[PDB]
């Protein structure tokens, strides 16, 4: 009855990382609420994920490319698509970096959002092929953006996950960390309160 949780960490701050700190605190809170978790942990920061270019996009679509480096990336694309389809809970660390997600997290979506694999084109809108997967997004920010137009990370993550079928996303925000005194403490405290709510639905 153990949950299958795929953990994607994309911060570059190493040990100092807050989205990764809040991911761990969120994981323990799930255990502290009676959940046995099976974790596949991917530090996207240190995996050197490949970038999507014209040759790689064709092998991901079908074309024969007997390049050792391109054959290896399609293998990585398949394993990542396999892990995501096999899990119950996708937990994404998405700190705001220059008003976008971190590049390595974007590279993951580039290798995981694939036609015939995670979605398929319908006469109307693409249909997702990932079934029964929840998404919880940790996202610490410098200033505060949730609600306003300058927040691009939030509507981005919703659209790209929904394209693949994950129409269940829940955000743990930690905005306002640039204000040295209260700002950091309040945003973290708000996230830790959001954590305690989200660590219950199992």
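Positions refer to the first chain, counted from 1.
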| remark: Higher of the two mean Cα B-factors (60-68, 161-169; per PDB record) comes from 60-68
| remark: Taking the deposited Cα B-factors and averaging over 82-90 and over 121-129, the higher mean is found in 121-129
| message | Looking at 177, 137, 44, 39, which one carries the largest C-alpha B-factor according to the PDB entry? | response | 177
| request: Quick one: classify residue 188 as lowest, middle or highest third of the chain based on its Cα B-factor. | output: highest
| request: Looking at the entry's B-factor column for C-alpha atoms only, identify whether residue 21 ranks in the lowest, middle or highest third of its chain. | output: middle
| field | Relative C-alpha B-factor of residue 152, binned into the chain's lowest, middle or highest third | value | lowest
| With respect to C-alpha B-factor, does residue 146 fall in the lowest, middle or highest third of the chain as deposited? | highest
| request: Using the B-factor values recorded in the entry, state whether the Cα atom of residue 2 falls in the lowest, middle or highest third among the modelled residues of its chain. | output: highest
